[PDB]
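**Student:** Kindly generate the corresponding structure for this input.
(chains A, B, C and D, ligands or ions: 8)
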Amino acid sequence: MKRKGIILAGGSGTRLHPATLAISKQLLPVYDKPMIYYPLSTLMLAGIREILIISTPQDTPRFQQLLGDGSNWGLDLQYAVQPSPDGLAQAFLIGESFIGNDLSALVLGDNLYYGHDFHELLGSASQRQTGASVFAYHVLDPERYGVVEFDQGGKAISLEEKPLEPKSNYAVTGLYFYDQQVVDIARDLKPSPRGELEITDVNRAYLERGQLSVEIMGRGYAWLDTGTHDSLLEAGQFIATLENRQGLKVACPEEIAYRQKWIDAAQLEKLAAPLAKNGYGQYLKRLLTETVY
Amino acid sequence: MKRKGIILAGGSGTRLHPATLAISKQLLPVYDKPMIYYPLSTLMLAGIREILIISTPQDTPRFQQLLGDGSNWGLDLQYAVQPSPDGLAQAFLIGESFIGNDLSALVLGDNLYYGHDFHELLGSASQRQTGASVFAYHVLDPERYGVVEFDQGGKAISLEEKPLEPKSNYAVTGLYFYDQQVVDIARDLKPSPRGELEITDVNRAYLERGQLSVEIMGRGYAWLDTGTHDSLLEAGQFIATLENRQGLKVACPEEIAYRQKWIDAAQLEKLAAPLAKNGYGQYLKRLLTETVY
Amino acid sequence: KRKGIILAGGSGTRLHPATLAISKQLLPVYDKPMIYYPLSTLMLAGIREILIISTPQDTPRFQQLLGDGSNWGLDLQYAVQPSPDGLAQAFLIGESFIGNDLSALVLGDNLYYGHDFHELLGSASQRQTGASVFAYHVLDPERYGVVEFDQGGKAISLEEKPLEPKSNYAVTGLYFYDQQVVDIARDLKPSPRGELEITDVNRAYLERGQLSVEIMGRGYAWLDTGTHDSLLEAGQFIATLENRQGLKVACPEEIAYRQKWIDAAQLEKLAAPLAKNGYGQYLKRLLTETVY
Amino acid sequence: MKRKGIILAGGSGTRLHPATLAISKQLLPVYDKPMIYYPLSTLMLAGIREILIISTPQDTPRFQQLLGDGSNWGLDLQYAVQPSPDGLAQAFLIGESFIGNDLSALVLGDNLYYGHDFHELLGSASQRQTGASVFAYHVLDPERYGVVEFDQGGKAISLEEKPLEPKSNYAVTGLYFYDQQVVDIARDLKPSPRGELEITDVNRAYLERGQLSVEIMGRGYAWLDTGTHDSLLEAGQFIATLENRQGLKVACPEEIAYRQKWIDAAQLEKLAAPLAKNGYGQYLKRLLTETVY
Ligand SMILES: CN(C(=O)c1ccccc1)c1c(N)n(Cc2ccccc2)c(=O)[nH]c1=O
Ligand SMILES: CN(C(=O)c1ccccc1)c1c(N)n(Cc2ccccc2)c(=O)[nH]c1=O
Ligand SMILES: CN(C(=O)c1ccccc1)c1c(N)n(Cc2ccccc2)c(=O)[nH]c1=O
Ligand SMILES: CN(C(=O)c1ccccc1)c1c(N)n(Cc2ccccc2)c(=O)[nH]c1=O
Ligand SMILES: [Cl-]
Ligand SMILES: [Cl-]
Ligand SMILES: [Cl-]
Ligand SMILES: [Cl-]
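**Tutor:** Residues are numbered from 1 along each chain as shown, chains lettered A, B, ... in the order given. Ligands and ions are numbered 1, 2, ... in the order given. Have a look at this structure:
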C-alpha cells in the first residue's frame, strides 16, 4: 500500500511572544537547521515521500518558500492551511483530499527524534496496513501529554489527554501512523472542553476497536520538544554535541534523500553549490566522497 | 546637544543558511526576546530615544512590524534600508538626514552587552560633546574585529580592521559614539580592498585628529556576538542562567523605558495585558509592584 | 587588616553520589577547583590570611591542593568542623585564628563575577565597625537568608529560609565582621533544625543598628552550586566568558600577581609545572601582556 | 565461560590540572554521578560482574572507598595499580592474574556510551567465544584515536594509532573484548616510539590473524568523551537533558544490577535508604514500584 505524510506546524499562539513575534516557533532553527527539517527527516526515514505541510495562514507561505515542492530532495511536498488552531485532529479534515484512500502518518512540526535503528522502529509501524500505530515514551511530566496506561501484561488499556492524575509516566509521542479509517473518525469528533478536535480521541477510537498498536520508544532514543525557551535551548545543545563529536549531522534532509536513493550524486552536488562557503554545503559536498555506515 | 541612535541590523548573507533561510539572524530571539531588543536596550540605557533601525530590503519591514514607531515604549523609531552590504560606515550616509546637525551613536543589531554600572560606562561617552568614543574589550580572537594598539602608557596609537597579525587582544566593540563630524568623514570614505566603507577608517580619522577616546570595557562585562550557531547558543544559555538565577530579565526594553521614566505605570500595565498569559507579560506586571534596586 | 575564613563544609549527602568520592568544594567549575572562586574573592577584598575550614576527611585534601599559600603570597591555615552544626560555628572554630582582628567569612561554594568587584568589596572591607553583607535579587528567596527593606530602603528584617519571603533579596555567602562576631556566635542557641545560624549573627548586628546591607546589583553574577543542575550552569557560564575573552575568572595566581603579592619571577615558576596545559600557558601569557 | 572486565582509570597526567589536582578525572561527576559509573554500567550491561579497576597509586584507594567490593550491587570488584602511564595495553599485564584463564573485556574509565539496543550491541561481542571485538565510531577528529580503515566491501584492512593522516573518520572506541590470547599478545608487545604499550598493537595482532571483529557503533549512539574541560561540560549537559526529559537515569549501576536480577527489591531498598533525601535515592525507591519498558 501507499503511505502519505502530514506535518502539522500549528500556531504556538502568543505563548512564546515576544521571542516569536517576528518569526513563528516552527520556522526557528534548532542549532544549524530549521526546526521543520527534524520532523520532515523523520517522515523521510519512514519511507514517506508525499508530504503535506499544514500551518497557519501566516506561516504556510513561509514554509513553501523554505521548502518548495520538494523535487530538489526527491519528495512531493504540498501545503494547506489551518485557519484557526481548532485541534491537531483537524489535520485529517484539512488533508482529506490529500490523503485519498491511502494510509497516512502525522508528525508535529516541533518534535525532534534521535536514536539508533530508527528506520526499523518506524518500519514496523509503516508496515502495518490495518489500524493505527503510536509510540509511548517515558517522561518526567506526563501530565503535559496524551498518557497511555498499560496493564501488568504490557497491554495498553487507556488513554487520557493531559490527566491531572496520570496513570503512568508514558507519554504518546507526536508521531502517529494511520489506516484509511482516520478521516471518518476525525469527521465524527466533537470539540473537547477546550474546543479542540483531539488526536487522543482519534487514538482512543482505534483502541476501542482493538486496532491501536502502542510500541515503546525506548529510553535509548531522544524525543525532545521545543515547548519553552528553555527546552529550545537544550535541544540546540544536544544536537550541537552530537554533530561536533561525530562530524555527522542529525536530520539533514538532503543526506537522508541521498541515502534513500531518492536523489543521486549529481543532484546532491548541485544542492551543495549555493552553500559551498558555509559548513552545511561543505558537509553536503563531503557526503559525495565518504562512506558512512 | 541631542544624541540620536542608529541600529544597523545588516545581513548575514548566506553565511548561516539553511538555519536563517526562513528568518534573518537579527530577527531571531536570544533566549526569551528578539535579538534586536538587546542593542535597542543599550541605546536606551545610554539616554537615546530617537533611533533609526537600518536593515536589508526584506528585513526592514519585519523590524517595522515587530517594533512600530516606538511610542508605546516612549521611543521614536524610524527605518531605512541598506540595499547592499557595502560596509558599516554606510549607516551614516543612509542616516545623513536622520542625524542632521546632531550627535550620534551606532550599535550593531547583533551585539549583546551585560554588566554592572553599564549606565555609567555609556554616560561618559554620551556626555562628550566633541570627538568620538569607542570601547575596547579583551577577546581570544582579535583578528576577527577592529583592533586597537596601545602604547606602554595606555594610549591608543593604532587601529587595524581584521589584521592578520593583531597588535593586541583588544577588539573595538560594535558600539560607537560620534560628534557632528561623522557624516562628513563618512562621505569622504572610499571602499577598502574588501569593497566596504569601513567604520574603522572613520575611527582612524578621529584618531589622526586626536579626537578618539578609547575606553576599556572591562573583563567584568559580557560582550557576546552572535556570529556562529555555536555562539548564538552560548549567548542563549548565558542570558538563561542570569534570568533564572535572578528572576530579572536582561535587556527588557519596556522595563528600561519604565525605569527611565519614559512610560508610566499605566502604560506599562497596558503593554503587559496582551502578554498576560506568558512569562513576559507576567514579568512586566510584577515590575509594577516590586522595588528592584 | 582583616582575617579571612573559607567554610568548605559538607553538602551532607545531598549531592550524593557525585560527591561520594569528593567534597563538593573540591569539584571543578569548568577549569579550576570550586574553592579557587571564593579564595579569589577574599584575595580581591585584600585578605591574605585565610583559614580554610572543612570536614575531617576533606581538610587534608584542601591542605594538599593549597599548602601554606606562600606560593601565592598568602598565609593559609586549616581547621576542621567535626559535625555540620551551622555556618556560625566558623567563628567558634576560628576564634583563636581571628584574635582581635576584623574578619570576613566566605562560603566555599559561592562564585561571584562582575565589574568593579574590587570596589564593591573595598567599601565593606575598609569599614572598621559593624557588619557588612550583600543582598542580591533572586527567583527563589526561600532557599536563603532574606532581607526585607522599608520604603526608605533601610533593612528592617532578616529571616532564614522563610516559607513566605518578605522580599526577593537573598543575603549572599560573603560576610564582613568587626570584633563583636565571636562573642555573638558564642551566645547563639541552635535553631529548630539544630544549626548555629549566620542569619542569627546578622540579626544581632541589625538589632544594634550596626548591620550594613549593600545591594549586589543585577549586573553581577552570583551563582551557586547547590544542585547538579546549577553546578552545570555555573560551568557553562565561566566557560563562555573565558572562551570569549581569553581571560580567566578567579585565577588566584593572576590575582596575586596583579595585587603585587608575587612578582613576575615567582609567577613564571608557578607556570613551569603546568606549562603543558592551557592554565600554565595562561600564566606565562600574563607575564608579557598588559591587561586592563 | 566467564568474561572478566577491566576498567582502566589511568592518569590524565597534568593535562587537566589544576581542576584535577584534588581528584582523578574519573572520580569527577558527569552531572549526577561519578564518571566511573558510566563505563562500570557498560561492563554490567555486557553481563560482566567480576571487574578489576586499575588506577594510579594515589587514586586506586579512592575508587576502593567509593565502590567497595561491589557486593552491594551483585558485583565482585578488585583493585590494582598502574604505577606509570606506560600504555593501555599494560592493563593486561597488571591484570594477568585477575583474568586467569577467562575471556576478558577492557573499557576506559572516562568513556561514556548511550543508545538504543546497547545491551544487544554489547551482547553479540560478549557472546563471541573467539577473537577480539572492537567498535568503530564516526568522529570529527580521528587523529586523536586509533583509526580503522575499511576496504570497499566494509572489511577492516588497517589500524593506526593517532595517524597524522587518518585513513578514515572511524575511531576505535575505548571498549574492547578479548578471547584467551590477549594476555600473551600483550606480553610480547614492545614499546612504540612514544614509549607506550599500545592497545592498537594488540588489536593489530588479532587483525593480522584474521581474528579481529570490527562492529560499527552507529551514529544513533552517543560516544562522548571527557578529554577536555569543554567536552566534560558538554557530556554533563547531554546527560542532564536526557535525564530531565525522561525521569530516567543513564548508567545508574544500582538500576542495572536490579534489572539484570543481580540484586533483589529488598536489596535495592537498603541501597536507597541512606540517599533517601536526595534525588538519587528517591529514584532508586521509585524503581521498586514502577514498570519501565
Ligand atoms: C541517527 N539518525 C537519526 O536519528 C535520525 C533523526 C531524524 C530522522 C532520521 C534519522 C540519522 C540517521 N540514522 N541517518 C542515516 C540514514 C538515513 C537514511 C537512510 C539510511 C541511513 C542519517 O542520515 N541522519 C540521521 O539523523
Ligand atoms: C544589567 N542591565 C544591563 O546589563 C543592561 C543590558 C543592556 C541594556 C541595558 C542594560 C540591566 C539594567 N542595569 N537595568 C537597570 C536599569 C535600567 C535603566 C535605568 C536604571 C536601571 C535593567 O533594567 N535591565 C538590564 O538588563
Ligand atoms: C572580573 N574579575 C572578577 O569578577 C573576580 C571574580 C572573583 C574574584 C576576583 C575577581 C576578575 C578581576 N577583576 N581581575 C582583575 C583584578 C585582580 C586583582 C586586582 C585588581 C584587578 C582578575 O584578575 N580576575 C577576575 O576574575
Ligand atoms: C539506555 N541505556 C544506556 O544507553 C546505557 C548506557 C550505559 C550503560 C548501560 C546502558 C540504559 C539502559 N538500556 N538500561 C536498561 C537496562 C539495564 C540493564 C539490563 C537491561 C536493561 C538502563 O537501565 N540504563 C541505561 O542507561
Ligand atoms: Cl532503549
Ligand atoms: Cl571589570
Ligand atoms: Cl547593576
Ligand atoms: Cl544508528
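
**Student:** I'd guessed residue A:186 sits against residue A:202; true?
**Tutor:** Yes. Taking Cβ atoms under 8 Å as the definition, residue A:186 is a contact partner of residue A:202 at 6.2 Å. In short, each C-beta sits where N, CA and C put it, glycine included.

**Student:** Identify the contacts common to these two.
**Tutor:** Jointly contacting residue A:186 and residue A:202 under the rule Cβ atoms under 8 Å, 6 or more residues apart in numbering or on different chains are A:89, A:92.

**Student:** More neighbours: which of those two?
**Tutor:** Set side by side, residue A:186 and residue A:202 show more neighbours around residue A:202, with 28 against 24, by other Cβ atoms under 10 Å in any protein chain shown.

**Student:** From ligand 7, how far off is the more buried one?
**Tutor:** As judged by Cβ to the ion, to the nearest Å, residue A:202 and ligand 7 stand 53 Å apart.

**Student:** where's that residue, which helix or strand?
**Tutor:** Secondary structure from DSSP states H and E places residue A:202 in helix A:199-207.

**Student:** Quick check: next helix or strand after that helix?
**Tutor:** The helix or strand immediately downstream of helix A:199-207 is strand A:212-216, counting by DSSP H and E.

**Student:** So what are the sheet partners of the helix or strand just after that following strand and their directions?
**Tutor:** Using DSSP H and E, the helix or strand that follows strand A:212-216 in sequence is strand A:222-225. Partners of strand A:222-225 in the sheet, by DSSP bridges, are strand A:111-114 (antiparallel).

**Student:** what's the spacing between the next helix or strand after the strand it pairs with and its chain's center?
**Tutor:** On the C-terminal side of strand A:111-114, the nearest following helix or strand under DSSP H and E is helix A:118-127. On the basis of Cα atoms, centre = their mean, to the nearest Å, helix A:118-127 sits 14 Å off its chain's mean C-alpha point.

**Student:** Between helix A:199-207 and the helix or strand following helix A:118-127, find me the angle.
**Tutor:** Next helix or strand after helix A:118-127 toward the C-terminus (DSSP H and E): strand A:132-138. Strand A:132-138 runs at 120 degrees relative to helix A:199-207, counting by axes from the mean of the first three to the mean of the last three Cα atoms, to 10 degrees.

**Student:** Now do strand A:132-138: which elements does it pack against?
**Tutor:** helix A:118-127, strand A:170-172, strand A:175-178, helix A:199-207, strand A:212-216 (3 or more Cβ pairs under 8 Å, 6 or more residues apart in numbering or on different chains; DSSP states H and E).

**Student:** And chain D, is the longest one touching that?
**Tutor:** This points to helix A:118-127. Yes. Residues of helix A:118-127 are located near chain D by Cβ under 8 Å from any Cβ of the partner chain, namely residue A:118.

**Student:** List the buried residues of that helix.
**Tutor:** Within helix A:118-127, the residues that qualify as buried are A:118, A:121-122, A:125-126, counting by 16 or more other Cβ atoms under 10 Å in any protein chain shown.

**Student:** Next, count neighbours for the closest residue to residue A:88 other than its chain neighbours.
**Tutor:** Leaving aside its sequence neighbours, residue A:88 sits nearest to residue A:199 (Cβ to Cβ, 6 or more residues apart in numbering or on different chains; 4.4 Å). Residues within reach of residue A:199, counting by other Cβ under 10 Å, total 26.

**Student:** Quick one: end-to-end distance for stretch A:121-137.
**Tutor:** 13 Å (Cα to Cα, to the nearest Å).

**Student:** Also near ligand 6: which of the buried residues of helix A:118-127, exactly?
**Tutor:** Of the residues in those, proximity to ligand 6 by Cβ under 5 Å from the ion holds for none.

**Student:** quick check, nearest of those residues to chain B?
**Tutor:** Using Cβ to the nearest Cβ, residue A:118 comes nearest to chain B of the buried residues of helix A:118-127, at 21.7 Å.

**Student:** residue contacts, that closest one?
**Tutor:** By Cβ under 8 Å, 6+ apart, the neighbours of residue A:118 are A:42, A:45, A:221, D:220.

**Student:** out of the residues you listed, which is most surrounded?
**Tutor:** Counting neighbours by other Cβ under 10 Å, residue A:42 leads the contacts of residue A:118 with 24 neighbours.

**Student:** Nearest residue to the residue in chain A that chain C sits nearest to in space, ignoring adjacent ones along the chain?
**Tutor:** The nearest approach of chain A to chain C comes at residue A:237, 8.9 Å away (Cβ to the nearest Cβ). Nearest in space to residue A:237, with sequence neighbours left out and distances taken as Cβ to Cβ, 6+ apart, is residue D:237 at 5.4 Å.

**Student:** Phi and psi next, for the residue of chain A found nearest ligand 8.
**Tutor:** Per Cβ to the ion, residue A:116 is where chain A lies closest to ligand 8, at 3.9 Å. Main-chain dihedrals, residue A:116, degrees, to the nearest 10: phi -80, psi 140.

**Student:** Residues in contact with stretch A:249-267: which ones?
**Tutor:** Stretch A:249-267 is contacted by residues A:32-33, A:37-38, A:40-42, A:44-45, A:47, A:49, A:72-75, A:112, A:114, A:239, A:242-243, A:268, A:271-272, A:283-284, A:287-288 when judged by Cβ under 8 Å, 6+ apart.

**Student:** how about the strands in chain A?
**Tutor:** A:3-9, A:29-30, A:33-34, A:50-55, A:76-81, A:103-108, A:111-114, A:132-138, A:146-150, A:156-161, A:170-172, A:175-178, A:212-216, A:222-225 (DSSP state E).

**Student:** ok, residue A:53 - contacts?
**Tutor:** With Cβ under 8 Å, 6+ apart, residue A:53 has these contacts: A:6-7, A:9, A:36, A:60, A:63-64, A:67, A:77-80, A:109.

**Student:** Just the buried ones from the residues you listed?
**Tutor:** Using 16+ other Cβ under 10 Å, the buried ones in these are A:6-7, A:9, A:36, A:60, A:63, A:67, A:77-80, A:109.

**Student:** Show me which residues of the stretch 1-150 of chain A sit near chain B.
**Tutor:** With the criterion set to Cβ under 8 Å from any Cβ, the stretch 1-150 of chain A comes near chain B through A:14-23, A:27-29, A:31-34, A:37, A:62-63, A:65-66.

**Student:** List the contacts of residue A:152.
**Tutor:** residue D:291.

**Student:** now residue A:224: how far from ligand 2?
**Tutor:** 29 Å (Cβ to the nearest ligand atom, to the nearest Å).

**Student:** now that residue, which residues is it bridged with?
**Tutor:** residue A:112.

**Student:** Let me know whether it touches residue A:233 as I believe.
**Tutor:** No. Counting by Cβ under 8 Å, residue A:224 does not reach residue A:233; the two are 11.0 Å apart.

**Student:** who's in contact with the residue nearest to residue A:187 when sequence neighbours are not counted?
**Tutor:** Distance criterion Cβ to Cβ, 6+ apart; nearest residue to residue A:187, sequence neighbours excluded, is residue A:93 at 6.5 Å. By Cβ under 8 Å, 6+ apart, the contact set of residue A:93 is A:183, A:186-187, A:197.

**Student:** could I get those as JSON lines with distance to residue B:130?
**Tutor:** Output for the contacts of residue A:93, formatted as JSON lines (distance: Cβ to Cβ, whole Å):
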{"residue": "A:183", "distance to residue B:130": "74"}
{"residue": "A:186", "distance to residue B:130": "71"}
{"residue": "A:187", "distance to residue B:130": "75"}
{"residue": "A:197", "distance to residue B:130": "67"}
